[PDB]
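Remarks on the overall topology
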Amino acid sequence: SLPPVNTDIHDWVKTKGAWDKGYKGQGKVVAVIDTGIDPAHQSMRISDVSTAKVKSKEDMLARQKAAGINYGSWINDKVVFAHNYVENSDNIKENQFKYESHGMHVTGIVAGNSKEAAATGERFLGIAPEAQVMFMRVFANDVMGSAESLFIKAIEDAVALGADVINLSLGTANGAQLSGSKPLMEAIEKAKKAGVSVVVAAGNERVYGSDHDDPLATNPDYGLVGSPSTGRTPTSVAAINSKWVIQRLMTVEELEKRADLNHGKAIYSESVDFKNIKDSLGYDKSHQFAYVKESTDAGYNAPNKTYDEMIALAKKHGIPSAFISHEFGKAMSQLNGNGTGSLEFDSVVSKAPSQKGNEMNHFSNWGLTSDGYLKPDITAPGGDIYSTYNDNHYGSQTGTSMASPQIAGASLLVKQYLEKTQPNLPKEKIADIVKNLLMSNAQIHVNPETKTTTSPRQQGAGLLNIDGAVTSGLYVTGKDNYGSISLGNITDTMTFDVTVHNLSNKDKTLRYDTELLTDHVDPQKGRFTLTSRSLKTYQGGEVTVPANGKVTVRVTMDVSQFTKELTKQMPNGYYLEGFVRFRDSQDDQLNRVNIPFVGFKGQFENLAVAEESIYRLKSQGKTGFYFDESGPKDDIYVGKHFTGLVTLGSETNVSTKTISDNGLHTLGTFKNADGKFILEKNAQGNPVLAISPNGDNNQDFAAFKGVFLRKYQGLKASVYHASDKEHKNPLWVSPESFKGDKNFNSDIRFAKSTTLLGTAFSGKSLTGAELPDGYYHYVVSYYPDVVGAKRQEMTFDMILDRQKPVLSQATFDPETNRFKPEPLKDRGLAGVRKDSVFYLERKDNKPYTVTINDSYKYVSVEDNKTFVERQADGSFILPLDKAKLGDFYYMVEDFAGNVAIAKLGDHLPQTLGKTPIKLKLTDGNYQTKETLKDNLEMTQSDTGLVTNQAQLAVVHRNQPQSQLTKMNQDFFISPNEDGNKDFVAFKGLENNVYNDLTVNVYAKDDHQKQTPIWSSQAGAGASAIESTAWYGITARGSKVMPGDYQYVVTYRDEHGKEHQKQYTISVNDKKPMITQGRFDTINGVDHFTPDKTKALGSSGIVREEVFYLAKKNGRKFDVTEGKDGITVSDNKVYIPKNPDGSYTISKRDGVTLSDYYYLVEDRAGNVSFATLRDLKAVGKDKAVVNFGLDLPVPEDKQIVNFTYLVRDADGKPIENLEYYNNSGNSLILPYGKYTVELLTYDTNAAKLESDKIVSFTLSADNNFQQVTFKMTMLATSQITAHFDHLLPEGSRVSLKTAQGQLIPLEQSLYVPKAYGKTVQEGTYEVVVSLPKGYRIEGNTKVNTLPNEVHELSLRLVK
Ligand SMILES: *S(=O)(=O)c1ccc(CCN)cc1
Ligand SMILES: [Ca+2]
Ligand SMILES: [Ca+2]
Ligand SMILES: [Ca+2]
Ligand SMILES: [Ca+2]
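Judging from the entry metadata, X-ray crystallography is the method by which this structure was determined, and 3.000 Å is the reported resolution.

Named according to the PDB entry, the protein chain is Chemokine protease C originating from Streptococcus pyogenes.

Structural notes on the coordination of the calcium ion (ligand 2)
Summarising the metal site, the calcium ion (ligand 2) is bound by the protein donors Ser692 (O), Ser692 (OG), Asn694 (OD1), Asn694 (ND2), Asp696 (OD), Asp696 (OD), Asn698 (O) and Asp700 (OD), whose distances to it range over 2.3 to 2.8 Å. Each donor residue of the calcium ion (ligand 2) lies on the same chain, and together they follow the pattern S-x1-N-x1-D-x1-N-x1-D. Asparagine 698 sits in the buried class, given a relative accessible area of 14%. Relative accessible area serves as the criterion here: at 14%, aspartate 700 is assigned to the buried category.

Comments concerning unusual backbone geometry
The peptide bond linking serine 227 to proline 228 adopts the cis configuration, its omega dihedral lying at 10°. Its place among the elements puts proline 228 in the loop between β5 (197-201) and β6 (235-239). At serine 89, a residue that is not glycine, the phi angle is positive and equals roughly 70°. Relative to the helices and strands, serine 89 resides in the loop between β2 (81-84) and α3 (102-111). Backbone geometry places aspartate 634, a non-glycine residue, at a positive phi of 60°.

So, the site of ligand 1
All residues adjacent to ligand 1 are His102, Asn204, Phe363, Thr398, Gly399, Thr400 and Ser401. Residue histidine 102 places a side-chain N or O atom 2.3 Å away from an oxygen atom belonging to ligand 1. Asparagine 204 has a polar side-chain atom sitting 3.2 Å from an oxygen atom of ligand 1. In isolation ligand 1 exposes 350 Å². Once the protein is present, 56% of that is buried. Partitioning the shell around ligand 1 into residue classes produces 1 nonpolar, 6 polar and no charged.

Points about the sheet that holds strand β60 (residues 1156-1162)
The 4 strands are arranged β58-β55-β60-β61 in an open sheet whose pairing can be described as antiparallel. Across the chains shown, the open sheet's two edge strands, defined by having one partner strand only, are β58 (1132-1134) and β61 (1167-1171). If you compare each strand with its neighbour and ignore which way they point, the axes differ by 35° on average. With 3 bridges joining them, strand β55 (residues 1101-1109) and β58 adopt antiparallel strand pairing. The residue bridging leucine 1109 from the neighbouring strand is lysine 1132, located in β58.

Considerations on the coordination of the calcium ion (ligand 3)
Protein ligation of the calcium ion (ligand 3) involves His721 (N), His721 (O) and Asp724 (OD), the donor distances falling in the range 2.3 to 3.1 Å. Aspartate 724 gets classed as buried once you look at its relative accessible area, which sits at 17%.

Quick word on the sheet that holds strand β40 (residues 876-877)
Strand order across the open sheet formed by 4 strands is β40-β35-β34-β43, with antiparallel pairing between neighbours. A strand with exactly one partner marks an edge of an open sheet, and here the two such strands are β40 and β43 (917-920).

Some words on the pattern of salt bridges
It is possible for side chains of opposite charge to pair when their charged atoms get near one another. What the rule picks out here adds up to 58 salt bridges. Residue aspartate 1196 pairs with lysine 1039 through a salt bridge whose shortest N-O separation is 3.9 Å. Within this pair, whereas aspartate 1196 is found in the loop between β62 (1182-1190) and β63 (1202-1207), its partner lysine 1039 is found in the loop between β49 (1014-1015) and β50 (1043-1051), the two being separated by 157 residues in sequence. Using a relative accessible area of 57% as the deciding quantity, one classes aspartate 1196 as exposed. Residues joined in a network through salt bridges with shared partners are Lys28, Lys53, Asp164, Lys415 and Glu419.

Some points on the packing of aromatic side chains
Considering all chains together, one arrives at 49 aromatic pairs under this definition. Taking 6.2 Å as the distance between ring centres and 70° as the angle between the ring planes, the aromatic pair formed by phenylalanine 971 and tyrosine 1063 counts as edge-to-face. Of this pair, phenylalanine 971 sits in the loop between β45 (962-966) and β46 (972-973) while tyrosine 1063 is found in strand β52 (residues 1063-1067), placing the two residues 92 residues apart along the sequence. For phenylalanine 971, a relative accessible area of 18% gives the class buried. Plain terms: the ring middles of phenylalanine 1107 and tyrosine 1157 are 5.5 Å apart, the flat faces sit at 35° to each other, and that makes the pair tilted. A residue pair is termed long-range when its members are at least 10 positions apart, and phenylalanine 1107 in strand β55 and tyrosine 1157 in strand β60 qualify at 50 residues. Each member of the pair, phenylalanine 1107 as well as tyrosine 1157, is classed as buried. A connected cluster of aromatic rings, assembled from ring pairs, spans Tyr615, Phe704, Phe708, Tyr712, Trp732, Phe761, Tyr778 and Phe796. Looking at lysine 705, its charged tip hangs above the ring of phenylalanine 642, at a distance of 4.7 Å from the centre.

Cut-offs applied
- Residues numbered from 1 in each chain as written, not as in the entry; some residues may be left out.
- Chains lettered and ligands numbered in written order.
- Heavy atoms only, no water.
- Residues with missing side-chain atoms left out of burial classes, pairs and counts.
- Donors = N, O, S within 2.8 Å, 3.2 Å for Na, K, Ca; no water.
- Buried < 20%, exposed > 50% of the residue type's maximum accessible area, 1.4 Å probe, protein only.
- Helix = DSSP H or I, 4+ residues; strand = E, 2+ residues; numbered from the N terminus.
- Near = heavy atom within 4 Å.
- Polar contact = N/O pair within 3.5 Å; in protein donor to acceptor, adjacent residues only side chain to side chain.
- Areas by Shrake-Rupley, 256 points an atom, 1.4 Å probe, with all protein chains shown as cover.
- Nonpolar A, V, L, I, M, F, W, Y, C, P; charged D, E, K, R; others polar.
- Pairing = 2+ DSSP bridges.
- Axes fitted to C-alpha atoms, helices over the stretch in contact; angles between N-to-C directions.
- Salt bridge = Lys/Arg side-chain N within 4 Å of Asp/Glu carboxyl O.
- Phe/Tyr/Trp six-rings, centres within 6.5 Å; stacked < 30°, edge-to-face > 60°.
- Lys NZ or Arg CZ within 6 Å of the ring centre and 35° of its normal.

Structure below.
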C-alpha cells in the first residue's frame, strides 16, 4: 500500500528508535521561523487531529484572544498559525510569477509527514511526523534597519500561543554567549522559562579566513559560531554531510557492471555560469564531452565533437561557455580505457553515495564563541538533505540551516518522552534537559580522512542519536550543569568534575575514559589544518550512578609533556579539548553517553586583537594574513588589506592651483615612477611615518586602518609625546570610540580590513591648539571581547614636520650644464626623501593639461612636468635644448610631504655661459595651504561677522567656487563642508586695531560664560579670519549639537579700554524638503509654480531658483580658465519668475524637462534641488507623503534605515507604490485617509519615543504631508570590576544604577578576579555583598562614556 520511506537520513540518527516507542510528533508544536511555506503541500498533514494540541479554528482563535494577539490565523490541522511579519500579515508565498522555497524545506525536515512518492519513488517523512507547525515568516533585508523586533515578537507569539520548540534560522557571525542582543536573549530566555526549546543553526562561514587560506597557527581564535545560537539557553546546531545524495546524475552503460562507482553513475557539477543541460540532457552521447580531469585522488571539488578547447575555466593545470562538468578521479577520469564513452545524462533522478559522506560539511561554523564558550552544541545532518520544496516538489540542501531543523524534531520527540517519563518535571527545567539528553546521548563523530575524532569545537557533543536520548535515562553535565564544559584558561594540569545523571529507577554502572585532542598544524606552512590530533587517551576508571540520582567523578590530566612540542608549533596558546566517554562496564555497547570539554593553554583573554602593523611585519620580513605582496618591492597600495595608517595626497603644481586630490594612500608610502605607491626608506633603511598639518591637503592627518583577528571594542586613538614613555598624559584622543568584528572574510561580502577614519589625528591638542613639530606616539588601543582582558595597545612613531626642506644655492657649470644642488637638508624631523629637477613641457599652448572625466563628471588639472635624470653623485644635466634654463624647477621633498620648489628666476641679468656660477635658490611657495577669496571691505555699520558662500553643483563633482561674504543677518551656519555658511569668523576694519583678539563660543547653559566649548588659538588677529573661524565644533573637534551658542569676540586694542562683541550663532544642517508644486500649461508652453515657501526659522527659505543646464561641449558643465586657477561650474541658465508666481519652462532646442531644476536655500545655508521632471510625476489629483526619523544629532551621524507600512483608510496595505523625487521614503498617493506604522529600525542605535502609528489625510489643500517619528540615541559602555584577590564564596557583585536598581554581575570565566557587563551609558556604583567582615575598598563609582571600556581596581580587605 505504497508506504516506501527514504531512511537514508533516519537510519543513522536512530529516528525509529523513538517512533516505535509512541513518540511520533503528535501532541507537540514546533514553531518554524523562516522564509515562507506552501502549507497545502502533501507533507503538512496530521492524522488523528483528535490527539493534536489544537483542535480547530475555535481552539486557535481562542488562544489568540487570551494572549493578546490580534493578527494571523489557523489554516490546516498541521499549519495552525501564520503571520507574514514582513508587512504585518500577508500571504506566505515566495513563489515565482529553480522553484525553491528555503523556508519550507526547513519545516520539511522537522515534520514532513507525506504520503506520496518523490522523484525516486520514496515517501519522505520528517523527524516529528505528527507535531503541529505554527509558522512565523520573518526574513531580513539590507534596506531594513534591525530585523530583530520582528523575530522577537515571532518568539513572543510562539511562547504565549504555547509552542514547545522554535526552529530559528537567524545568524550573526562570531556571536557571544553572555553579551548578545539584550532584547533578543531575554525573549529567548522567556521561551526557555516556558516549555520551549530554541533551536538555531550555527552558520556557514566556518573559521577565520575560510575563503582565503586556513588560519595561521599564531591566531587560535578563529571561531565564528553565531548569535543567537551562541546563547547559553538555545541549542546551536552544526552540520555533517549526508551519506546519501538524491540527484540528477549522469550514467554510463560502458561501466554498468562496476559497482565501485554506483555501477557507472558518477556525480557531475556545473560552475559559476553556463549550466548546459538545456544542451542535450537525457539522451546518450559519445566521448564528445568536457570531462575535466581527476583533479586529485578523492577531491570532488568545484578526434573531438565539441572542439572548443575550454581554458576559460581551466586557467591553471600545470567564465566563457563551452561545456560545464566536474568529475572525480575514479568516477570516470580513470575509467577512460576505450575512449568511446556512451554517456547518457539523466532523463530522471538517482540515489547515490555522497562524495563527501560522513564528512563534516566544509562550511559549518566552529571555534569558540567570541567570549570563549563552547558552541555549537550538537551536530545533525544538514549536508545534502532532501526536503519539502515549493509545491509538490522535493529538496536539495547543503547548509547548517538544514541541520538545525533535525534537532527541532528531536527536541520535540524527547520532550514527549520526558512528559511521559518525568511528569513531576516543571516547565522551568524542561528545555535544558531535552537538550542535555540530546547532547549527552550522541556519537562522537570521527573524521574519516584522518581517523581522528573531529574537534568538539566543530561537532559539539557529537552526531544526533535520538534513540539513545529516549532510551537511556542518562545525561551528563560538568560543573555549570551544562551538557558541555567550557574550562577557559588551562595550566600544566587540567582538573575538573564531571557528573552523570540517572532518571530510570534502575541504577547503572559505567566505565569511562577521556580522549584529549589538540590542533594539527601543517608544519611547512605554519597554518592550522582544521583537523585534530589525538594526544593521549587518559582512562580514569569506572563508577556507579544511583537510580533517580547523580554522581560526581573527577577527571584529572597532566599535559606537561606535550607542552614544549605544542607551544613550539603554536606560540600564542593552543586548545586542549576532548571527550569524556561513558559506557556500561558490563556489555560495552549499552549506555553510550559523552560530554565534550575545551580549555585553552595560555590566555584566551589576551590573544592579539589586531594583526601587526604592516610596517613592523615588513621590518621583520614577515607579511600580513590577507596582504598581497604582488607588485614592486614594498608596494602598499592603500587598497590592499593590512594594519597601518592612511592619509590623503595632494600634488603640487607650479603653473596653476590644484583642483583635486589623489585620494587616500598608505602613510609612509609614496608614488614611484610607474605610479606604484612604495614604502620608501630613509638612510638607516627604515620607513618614516610623518604628517604635515599645514592645511595643504598633503598628508595633513593620519588615521588607523586594521585587520582585526578578534572582535574588538573600546578602540580609540590617542597621541602622546614620545618623551611620555609610560603614555600617561594624552595630548589628543579621538572623540569617538569604536567597536567591531573580526575581519573573517567568509566571502567577498565580508571585508578583510576595516579603515577607521574616526581615528584621524591632525596635530591638534585636546584644546584645539596646534601641536608643535616633534616626535610623538599615535597609540591605537582596544580590548577583545572577554571580560577581564588586558587592554591591548599599538604604538606608531609619528613625526609632525610642518617645515619645507632647504633651498639655499646650487653650482651650475655652463660647459656641461651641470646642476649640483647641495647636500640635502630638511627642516624638521621628517627628513628629505627625494630630489628632483623638471621643466614644463608645453602642449596645446598650455603648461598644464585639463582632464575631463565625463563619467564621474569630474575635472582634474595637472602640471606638465617632465623630469631630469638624477646622476648617482646628486647632480643634474639639464637639457637646455628642450626648454630654457631658469624655466627648470628644482624640487626637494619632505617625508611628511612638505615640498620645496625653486624656479631659477633668482637670477643675474645675462651672464649666459661664462664659467661656473653659484646660484641662489628660493622656494616660490608653490605649496601654499589654499585660502579663501577675501575682496571684502568692512564698515562700522557691519557686525564684523563673515562667513563663506558657494553654490551646490547639480552635475559636476568638483568643489564649487566659494568666497568670503559678510554676515549682518541670518546668523545660522550649516557646517557641512560645502563652502556655504560653514562657519562664523570675525573681520575688522582696516584702519582700526584689534589687540589680544580672542573668540570664545560658550554653550547655551553658561549664564556667566565660564567655560568655552571652543576657543580661538593664540595669535588670532582680525585679519587672519581663519584664526577666528568657528566651524561649529568643540575644542576636541567633534560637531556641536544643532542649537544656539554664544559667539563672543574680545579685543583689547582700543589703545586702552577693550570691548566684547557677543552674537548668538545658531547651528543647523538640515537639507530643506522640496514639495512638488503645480504644473499648468499656458499658451503652448509648460508653466511650473512651486508651492509657497515659508521663511520662519533656521530652515526658512531665502533663495528660490528655477534653471536649466545647456549642453556646451556635450557637457552640462564647463571649465573656465583664469590666473586664479581653473574653476568648474554647471552650465546654469536661470528662468525669471513671472508675476503669475510661475516659471516658464520653454521646450528649447533639444532641452528636456529633466534638465530643468528647482533649487532652494534656507537661512542656514542648506541647499536642496529637484528636477522639474521629478516634481511633475505627481499628478494634479495626487498628493505626496514623506516619512522620516527625527534624530537630535548632526545630519551625518544619524540612521537612515527603517521601514514602514502605509494602510489605506480601510486598513488594507496600500499596493503598487510610486516613489517621489527618488526617495524610498516618499510615496505618491491619491487623496484620502491613511495610517503609517514604523515597522523596523536599528533598535540597537535608536529608541522610538513618538507614536509608532501615525494617521494622516492627504487632500487637495494638504497635498504634502511630512510625518516624523521622533527618536533618541542609545549609548552602551563596558564596565569591569577587577579585584585584588578572588572573592570568598557566596559573594555577589552588582552594578547599582542611580535610580537605585541592581544589575547582577557574573565572575568572568577566563579572568576570575574580574566581574563585568555591558551597560547603558550612565553612572554606576560597584556594589559587593561579602559574607564575613570583609569590606571591599576603593573608588567604586564611574560615569561611563559611549563605547568606552571602564576598569575598576577594587581590593578585598580584611
Ligand atoms: S542555510 O539557509 O543556513 C545556508 C546554507 C548555505 C549557504 C551558502 C554557503 N555555500 C547559504 C545559506
Ligand atoms: Ca601638509
Ligand atoms: Ca605623551
Ligand atoms: Ca620638513
Ligand atoms: Ca553649508
